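Structure, as C-alpha cells:
Counting convention: from 1, in listed order, for ligands and their atoms alike. Positions are given from 1 along the sequence.
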Amino acid sequence: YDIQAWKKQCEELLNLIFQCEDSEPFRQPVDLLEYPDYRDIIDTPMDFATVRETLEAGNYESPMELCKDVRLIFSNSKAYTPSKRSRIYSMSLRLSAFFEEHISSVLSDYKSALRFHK
Ligand SMILES: Cn1nnc2cc(CO)ccc21
C-alpha cells in the first residue's frame, strides 16, 4: 500500500528499456534532418529521454501519466511507418510487448494503494 513506490519502479523499467537494443531508435527525439516530413504526419513527438527527464523532474503525478507518454512513442511509430514490415516499426512492437508485460503490476499496485488510502 506504498502510494509513492511506482516512481522507483518506473525508473528501473526505463533502465531495462535503455539496455534493450530495440529501444535505440526511440531514445532521443526523431531527427528531422533524417526524416524531413516527420512533423507533417506527427503532431506530438515523444521519446524515452523525454519520459525519463519528466519523471526525474517530479512532473508525473501517477504511473498512468507516464504510461500515456510511453504509449504515444509506439503510436507515433505506427502512424509514421510506410509499412507494417519496416525494421523500426518491427522494433517498436517487440518493445511495446516488453513494456506492457512489466507496467501492468506497477499500475495495479498504485491503484490498490490509492484505494486503501481513500
Ligand atoms: C521513428 N520511427 N518510428 N517508426 C519509423 C519508421 C521508419 C521507416 O520505416 C522511420 C522512422 C520511424
I'd like to know if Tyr60 and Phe18 are part of one continuous hydrophobic network [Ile/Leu/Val/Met/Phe/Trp/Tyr, side-chain heavy atoms within less than 4.5 Å].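 Yes, same cluster.
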Measure the distance from atom 12 (C) of ligand 1 to every protein heavy atom, then report the residue, atom name and distance (to 0.1 Å) of the closest one.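 The protein heavy atom lying closest is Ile88 CG2, 3.7 Å.
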Just to confirm my output: which protein heavy-atom neighbour is closest to atom 10 (C) of ligand 1, and how far is it?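 In this structure, atom 10 (C) of ligand 1 has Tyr35 CE2, 3.6 Å as its nearest protein heavy atom.
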Atoms of ligand 1, numbered as shown, that sit under 4.0 Å from any heavy atom of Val30: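 Selected atoms, number and element: 1 (C).
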Out of all atoms in ligand 1, which are within 4.0 Å of some heavy atom of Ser86? Include the element for each.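 Those qualifying, in numeric order: 9 (O).
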If I apply the N/O under 3.5 Å rule, does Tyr38 come out as touching ligand 1?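 No.
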Options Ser77, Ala79, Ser83, ranked by nearest heavy atom to atom 3 (N) of ligand 1, top entry: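 The residue whose heavy atom sits nearest atom 3 (N) of ligand 1 is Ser77.
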With the side chain counted from C-beta on, respond yes when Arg39 and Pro45 share a heavy-atom pair under 4.5 Å apart, and no when they do not.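 Yes, at least one pair of side-chain atoms sits under 4.5 Å.
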Any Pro82 heavy atom less than 4.0 Å from ligand 1: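 Right, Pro82 reaches ligand 1.
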What heavy-atom pair brings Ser77 and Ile88 nearest, and what distance separates the two atoms?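 It is OG-O, 4.2 Å.
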Nearest heavy atoms of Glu21 and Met91, plus distance in Å: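 In terms of heavy atoms, the two residues are closest at O-CE, 3.7 Å.
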What distance do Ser62 atom OG and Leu107 atom CG have between them, rounded to the nearest 0.5 Å?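 Reported value, rounded in 0.5 Å steps: 8.5 Å.
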Pair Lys7 + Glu61: basic N to acidic O under 4.0 Å: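 No salt bridge links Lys7 with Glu61.
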